[PDB]
Amino acid sequence: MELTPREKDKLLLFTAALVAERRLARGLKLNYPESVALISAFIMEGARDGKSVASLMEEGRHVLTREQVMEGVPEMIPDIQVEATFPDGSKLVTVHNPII
Amino acid sequence: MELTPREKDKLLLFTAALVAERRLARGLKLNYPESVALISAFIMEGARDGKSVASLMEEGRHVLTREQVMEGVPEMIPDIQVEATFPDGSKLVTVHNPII
Amino acid sequence: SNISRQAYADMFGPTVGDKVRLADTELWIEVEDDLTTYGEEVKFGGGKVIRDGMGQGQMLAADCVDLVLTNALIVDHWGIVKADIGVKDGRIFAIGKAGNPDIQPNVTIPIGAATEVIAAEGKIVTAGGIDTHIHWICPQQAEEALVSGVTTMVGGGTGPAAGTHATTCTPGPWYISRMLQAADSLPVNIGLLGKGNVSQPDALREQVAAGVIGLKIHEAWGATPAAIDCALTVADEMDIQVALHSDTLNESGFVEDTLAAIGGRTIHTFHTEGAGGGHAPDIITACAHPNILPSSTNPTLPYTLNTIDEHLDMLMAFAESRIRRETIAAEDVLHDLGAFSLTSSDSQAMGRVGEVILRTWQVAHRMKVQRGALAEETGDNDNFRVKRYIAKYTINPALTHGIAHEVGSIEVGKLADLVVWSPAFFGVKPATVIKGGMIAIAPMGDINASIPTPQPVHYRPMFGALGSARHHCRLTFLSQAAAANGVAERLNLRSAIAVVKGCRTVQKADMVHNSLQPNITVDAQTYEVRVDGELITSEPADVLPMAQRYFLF
Amino acid sequence: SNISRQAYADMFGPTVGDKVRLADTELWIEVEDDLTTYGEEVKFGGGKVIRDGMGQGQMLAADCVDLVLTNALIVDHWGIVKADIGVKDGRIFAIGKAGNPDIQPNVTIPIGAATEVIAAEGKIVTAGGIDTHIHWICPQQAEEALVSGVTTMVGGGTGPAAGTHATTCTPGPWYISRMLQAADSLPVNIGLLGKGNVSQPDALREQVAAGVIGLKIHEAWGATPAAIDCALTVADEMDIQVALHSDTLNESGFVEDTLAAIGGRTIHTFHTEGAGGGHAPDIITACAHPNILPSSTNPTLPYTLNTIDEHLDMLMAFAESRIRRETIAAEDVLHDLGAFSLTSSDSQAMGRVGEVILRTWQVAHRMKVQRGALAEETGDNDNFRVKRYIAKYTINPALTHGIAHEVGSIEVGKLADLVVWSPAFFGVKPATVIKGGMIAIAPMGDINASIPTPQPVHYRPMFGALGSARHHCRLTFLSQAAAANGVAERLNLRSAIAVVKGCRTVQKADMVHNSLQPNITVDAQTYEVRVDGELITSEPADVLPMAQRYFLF
Amino acid sequence: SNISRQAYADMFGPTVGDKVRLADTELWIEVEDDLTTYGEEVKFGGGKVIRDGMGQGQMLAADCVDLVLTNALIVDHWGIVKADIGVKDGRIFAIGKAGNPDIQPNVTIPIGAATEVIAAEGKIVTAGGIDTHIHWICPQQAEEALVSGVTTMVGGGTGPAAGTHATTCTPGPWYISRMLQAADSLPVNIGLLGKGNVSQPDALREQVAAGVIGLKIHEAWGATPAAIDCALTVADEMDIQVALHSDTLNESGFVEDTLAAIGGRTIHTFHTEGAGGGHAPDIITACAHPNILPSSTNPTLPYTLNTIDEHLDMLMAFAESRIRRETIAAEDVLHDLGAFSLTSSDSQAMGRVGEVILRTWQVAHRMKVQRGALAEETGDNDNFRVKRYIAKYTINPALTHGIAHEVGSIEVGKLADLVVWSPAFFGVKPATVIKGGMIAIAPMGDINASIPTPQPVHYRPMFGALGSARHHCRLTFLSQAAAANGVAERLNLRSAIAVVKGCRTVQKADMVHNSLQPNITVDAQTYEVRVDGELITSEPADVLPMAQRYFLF
Amino acid sequence: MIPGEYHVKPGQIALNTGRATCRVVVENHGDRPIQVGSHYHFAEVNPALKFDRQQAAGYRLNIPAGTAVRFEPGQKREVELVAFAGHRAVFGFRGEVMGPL
Ligand code: NI
Ligand code: NI
Ligand code: NI
Ligand code: NI
Ligand code: NI
Ligand code: NI
């Protein structure tokens, strides 16, 4: 695979999202790190699919709602940023106020 | 668990395969690292099951086909090698031209 | 005896006339020359050539090389040739024919009992990259850059502090000293830049005397004509380079005013296109001047579908005056023409530290696709374009910062910083990264495996990156003043030291394969870039090579 | 010109009269003072204040600070004020107004070309924590503690050995020497404790002369009156501190017998509540004495629903005599009253190394909820309670171990160990941890990203934690004897050295905001704790702040 | 007072007459002797024996040990006995009865204030393993080996280079110097091997003078009679060992020709069975000679169902002449008989670095199962077989390479490299690995936990592996010449140095419990191995102990 | 499109041009296989190989560098040799020359 440091680092984010994904499935209100991990992983997969940065900046705001997270969590996450390899190389996706 | 460095290293391969497994499920054509990770993990589980090295050397060539991976990927992987703990200890499994 | 060319290529790598595709791009290189004697090639292994009395001689250590890279396909600014590479005392000893003079003809690189072997047949060998726009935001950037094939990092910073987040500046003697000491722990050659924004020359001389090899003028600290002039005056005095990030706000004046302040003195303009900073919207016109060494940062290389969209937020009224589709499209072409001479990252401050090499090749690919062959190109290959582009991150950055006497290319006497690539992964994931004659990092499989190839294979630090071995295989660059004042002994630096020189005499005409000084203009309202009245533009890529086929994320 | 207070707060952080909630607790702090001159605040960035000739002056390095933390909200034992912090030569230079005297008024912290900037507007800055109950079971504890905001670790151990598993003791000259050498590799200040259990004074003097700054008397090695007396006699002679874990079994006598042996001499009683060790069931009565500096370990802080249940097995007839709901509930209140002066961990030996700060604030939260405002409190805020509690893990531990001349608070001349916090994550996850003027660790996003903020963001070591830079930014504390005998030169210690002093003269009255000596009693049968006949108790929390909202596991 | 033997065993570990199963194998050891005085055993803990005036005395540091391993069950080549182990100054001080002479009888290991304690009751303690066939392909191999229980690594290499991939050779003075410097960073004792393939003695003397403790003759560099003779001549001169990987191709001659070249001089034959290299198909006959010290690499140990299948590709006409079921089956038996004296890995070059100990025990298990008790065995236990096998990776490798004066067994005066095992995980996963008196690595649970046992528990480096502490607890072996020339001072090596001696005088008769010289023959066509005309063979295992019950992957 | 693919031009490469060569019939009289590498001094190969050693003096196999010729027991075959170059000084092997020629 010849995994570079950044590829291995992203594996950490992916695994953190798996934790969050299973807890959301149980019907738990997600906390701060779980929310950040879940939305971030969603975006990385979107980039793998070939979605545009513009499309993901919007879609990323509809992953979790205020009723699915603990109190105060939406305010602790003014935005989420993550980079992934799009068909046209690495791009930064910034999702503002992802949780409403 | 008293995990040794090699056990922890294999956890990295397992997690990389989870990424690939989910993308294949979505119907995406796998890239180079995803293919290597997926086939490798398959073999490690085969060893855990107790399959022989000879059996796995063949079965490993039927995990992914040329139509399930990106162009050029089959040629980038002349073979895949991975070791796992078989009932009779650690053994090396080499799968030649795993993708046809 | 005869052997078919295909069997030969499979055995010793390609030879004269053979072509190789660079990774998954449309770029093809053709072997221009082969320094071997057919039948006398050296190959290592059981029953092969490099053995006692055969390909290996009886000479003492002093009379043979420490390391030989066999059957390498060298890609450098001077040529694309097949040859053996000899390394001795951490430096490039010779490029030629390796073997034993006792029984072989034309041997120029003697192999003896003291010689280690790296089989390079079927591999491409290049010099290590040199990134001159590093923000020392975190030490982890060094490993990331090394893994990508970059062996020298020039920049400034003190860690994740506001000043460093925005500028490549290591402020003052105390921080300069601390960072020089920290440098001994990193597996790459390092040179530091101090804060050049001040109108008191002594405040600058102090920093140069402390160890910096250059001064960064950044608008965040005030890129005023007075500061610029002061920094250049000290630079001319102490033989150090000045890097510039001009007044984007046009607060103290327009681009012409800044150019006036520079007064024809040598200066390295960072991200000359403008998106990364500089007089809105015409800083790009700087590449027309003989005293300007222009470089680009990598987020704008090359122009793609998502470029503009991502740049707004990475930035965030002067946003739409700084981010311009017009100048971003022209930049790619200006690189292809040799108007822009270097590529750099701008690490974690609007730039990707591990994508300097990767993005340079993506631009070359896109330009070949859009513009076809270069006027200088001969034969049905892209050899010249490849030489022009590789120079952007190797020899040109070295010349610009006065370190070309040590690194920057595969030439005799230079430090042995080499990167070995498999053609299928060229510019993306290297097979071996050598620092000063020792392998510093390389992909490595299962540690407990019966062989080094079983999965998982990922980059892991090697012996060249360990303690004292590392110190012997890396270089900390100092200013002539610092070296003279005995800074190395005072701070007790353990790595090898090198001194910068020739920063003030280098000019645009000295940039290898990239010396064009175009009659370039920028429309103040439309932002359109024109060279000799002709519009300079290009189309955004929807998909690029060296991307999704190689990365897990 | 005018600006609304809300816009002002968003731009420069809160000012006088503004209140801030600490993380997700019910604790609110109110800015008591602001040392700025409205309109002259320094802000860094493009087009902002800190630029040549403007907020940045023309002074040489010697005449300006190396680092300035702009618009910081300082929370320390002496006050909660808004100000700029100047750092020079690794030490706190001044707390005041930063800028350029050439054009700005009231400048006390000069910013020059040699000045790095850390933007602290909207952030809370505190001194680094000091944990004095560390079991050196593994080196990984250092990074864990540093990440939590603890910059100094005092304790004993040799690794995962039975003796260390149970006691904070580094036995003998050989182990003491080896651990001092190992300390150079850790990014926190370190002081070691030797084994104080012996009735031959020379066996103790040897250890102090070897390097320990204190002696630990632990019942596992025999906390007998003879051993206690011997350790204290040597302590008085060599100016080192004694830490005590008394005879839980009441084998050699009861609590009064131990107190008798101590004979009014200065001593630091570890986990004074008792659960972590000590005369069953009244060791807690020690906090009534003037010569006792009492601390608590953290698993009992604060009293919650699961506390008792988990403690049985972490312990495992004398189990139910050691684990008492009565004393555990009273301990929280005694902290709120200032009867207990320090908090510590008791790392991996009935204590959590990364939860010293976190748990101290949870106790303050629970006490405010249950008891309301403190008698010393003025205004509608919890400023005094905050000052009382922060002192428990900063200045008080420093005073107790004779290192307050170097660390422990944000005061001029002290080592620049500072922790920057975002209000929403106060006491839980810091934004930046500074060791001796350099950032040692901080949360860091994708290394290859265009900016330092993209995910995944996790704590990674910075330049202040690397090789020689680390050595220059950390302190190894030695006893006066060791320093005199030249132990540092003999062992070739590379870090900065500091000497402990004033251990024997410190008393309960010297503990900042925690000098209460209550008339406390414990019922031998019921274990009920009473102060002046009044029952001291509290209710167990079912849910606590600084918990599930912040942690992934 | 009396106590049942079962309660006693649970409290202090087994005693004389008790048997213990080694992991999940069929091997049982029986305690041969117990050096304690029933009732006077030392146990550490609250209210236990090791306390002031009781089990701990009043002696000064010089008169007591630094570390005591209490109630250990020692398994070494000389015996399987229960005793306390005393360590002083990084070396084994004594094996006997620990305690305080003031109140206890028969004390030979004095415990004082300067004594640290490691509770070994119920644990098995062995010397650290010694692997003499290491390919320095990557530095990560050191941690892998250390975790498995190997504390000394002898081999050659420069990193992941072709030469090293195939041979255990560190070519020439430059690489030898760099690798010696790099060795200071690794937590294991190290000795290097140079390239012995040359017919000019001076080219060899240079390497020995540079630092290598041996020379490797590998067919890849030409294992010709001329090269072999030259290497042995220099070896006899400089007192260094020669390791051999003979001419598999029979190019320069057959096995008898190589044996003739050796001329009865001392030599260590690597992977004597043949699969890993050597004259096809009879290199195995070498074990009949008095001057040959034969070892096996581990992929062929033991013979199992998948052995042959995996070996073809790990190898890949001479494949089926090198991989032979006949010689592979015989090898196991030859080990059981003591004809083969050592086991090694052949790390990442047809060998598993972390499986040297594990595989040695699997062979012993399989041999007991197939052949029953050894002729030397007394009692209903496998004590002798255990002594014969443990010697293969401890004392015998040390004797073969002239380092037995420093390491190799638990004997007074030797470096304290010890491995503590829980019987259930013996040979698989150790509880504690001690390097020179300090714990270097051990399984460690949650760092932030209240105790060191909560999950996840995995191996993490301890204080003995950190910076200067590591340097003091490890040894770099040098040749007598290098030591004399002052190589350590020149390269500025920081670790402790040891010199090799006695390499030329060791012979087969000196191999502990493995001195058999059988009248062995190999059929040229069938490859059948016969000793005295009897066929030597064994059956392949389908399932083995120390495998799937312990590993996650 | 195949990443890093070659475009080798058709044809052949002539090896060791302009060097003296000679053919010799070799027979393996040993009971074990023998394999000889391209640059080994043929006159000093395993004694079990029967051939005119005198003619093979200063010669090696005229085959691609790094390759080898195998001789199974009893196998007889004719091989082409090419003369050593450089200083034509032979050192090593079975120690029969150890000097020029
Ligand atoms: Ni810039
Ligand atoms: Ni920049
Ligand atoms: Ni305690
Ligand atoms: Ni404790
Ligand atoms: Ni071998
Ligand atoms: Ni080997």
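Cut-off values and rules
Residues numbered from 1 in each chain as written, not as in the entry; some residues may be left out. Chains lettered and ligands numbered in written order. Part of a larger assembly, values for the part shown. Heavy atoms only, no water. UniProt positions renumbered as here; feature names shortened; annotations may be inferred. Contact = heavy atoms within 4.5 Å. Buried area = accessible area lost by both parts, 1.4 Å probe. Salt bridge = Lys/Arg side-chain N within 4 Å of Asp/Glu carboxyl O. Polar contact = N/O pair within 3.5 Å; in protein donor to acceptor, adjacent residues only side chain to side chain. Helix = DSSP H or I, 4+ residues; strand = E, 2+ residues; numbered from the N terminus. Nonpolar A, V, L, I, M, F, W, Y, C, P; charged D, E, K, R; others polar. Donors = N, O, S within 2.8 Å, 3.2 Å for Na, K, Ca; no water. Buried < 20%, exposed > 50% of the residue type's maximum accessible area, 1.4 Å probe, protein only. Least-squares fit on C-alpha atoms.

The name that the PDB entry assigns to chain C is UREASE ALPHA SUBUNIT, with the source organism given as Klebsiella aerogenes. Of the comments in the UniProt record for chain C, the one headed Pathway reads "Nitrogen metabolism; urea degradation; CO(2) and NH(3) from urea (urease route): step 1/1."

Chain A appears in the PDB entry as UREASE GAMMA SUBUNIT from Klebsiella aerogenes. Taken verbatim from the UniProt record of chain A, the Pathway comment is "Nitrogen metabolism; urea degradation; CO(2) and NH(3) from urea (urease route): step 1/1." Listed under Subcellular location in UniProt, the entry text for chain A is "Cytoplasm".

J.: How should I be thinking about the interface of chain E and chain C in this particular structure?
T.: Across the boundary between the two partners, chain E contributes 56 residues, which contact 50 residues of chain C. Both faces considered, chain E and chain C share a buried interface measuring about 4200 Å² in area, 61% of it formed by carbon and sulfur atoms. The largest share of the area that chain E buries against chain C comes from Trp174(E), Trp221(E) and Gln348(E), three residues that together contribute 16% of it. Here chain E is connected to chain C by one salt bridge. Seen at the junction of chain E and chain C, the total is 22 residue pairs in polar contact. Secondary structure elements with two or more residues in the side of chain E that touches chain C: α2 (141-148), α3 (162-166), α4 (172-183) and α5 (201-210) of chain E. Ranked by residue count, the leading element in the side of chain E that touches chain C is α4(E), at eight residues. The class makeup of the residues in the side of chain E that touches chain C is 26 nonpolar, 20 polar and 10 charged.

J.: What should I look at first to understand the coordination of the nickel ion (ligand 4) in this one?
T.: Tetrahedral coordination by four donors puts the ideal angle at the metal at 109.5 degrees, and octahedral coordination by six puts it at 90 or 180 degrees. Residues and elements named next belong to chain D. For the nickel ion (ligand 4), every protein donor is listed as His133 (NE2), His135 (NE2) and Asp346 (OD), and the spread of their distances is 2.1 to 2.2 Å. In this model, the nickel ion (ligand 4) sits 3.6 Å from the nickel ion (ligand 3). Of the two residues, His133 and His135, both sit in the buried class.

J.: Hey, could you run me through the pattern of salt bridges in this one?
T.: Think of it this way: side chains of opposite charge can pair up when their charged atoms draw near. A full pass over the atoms with the stated rule returns 104 salt bridges over all chains. As a salt-bridge pair, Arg51(E) and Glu251(D) come within 2.8 Å of each other at their nearest N and O atoms. One end of the pair, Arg51(E), is in the loop between β3 (33-34) and β4 (67-76); the other, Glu251(D), is in the loop between β15 (241-245) and α7 (255-262), on a second chain. Residue class for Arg51(E) comes out buried when judged on its relative accessible area of 5%. Between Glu273(D) and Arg324(D) there is a salt bridge whose closest N-O contact spans 3.8 Å. Several salt bridges share partner residues, and in doing so they unite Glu45(A), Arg48(A), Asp49(A), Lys51(A), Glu59(A), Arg23(B), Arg26(B) and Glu34(B) into one network.

J.: Help me understand the coordination of the nickel ion (ligand 6), please; the structure alone is not making it clear to me.
T.: Ligation of the nickel ion (ligand 6) by protein atoms is provided by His133(E) (NE2), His135(E) (NE2) and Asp346(E) (OD), these donors lying 2.1 to 2.2 Å from the ion. For the pair the nickel ion (ligand 6) and the nickel ion (ligand 5), the metal-to-metal distance amounts to 3.6 Å.

J.: Looking at this structure, I do not really get the relation of the copies chain E and chain D. What am I missing?
T.: Both copies of the chain are tied together by a single rotation about an axis and a shift running along it. At an RMSD of 0.0 Å, chain E and chain D line up after a rotation of 120° and a shift of 0.0 Å along the axis. Viewed as a symmetry operation, the transformation between the two copies matches a three-fold axis. Closest to the rotation axis within chain E is the C-alpha of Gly467(E), separated from it by 5.8 Å.

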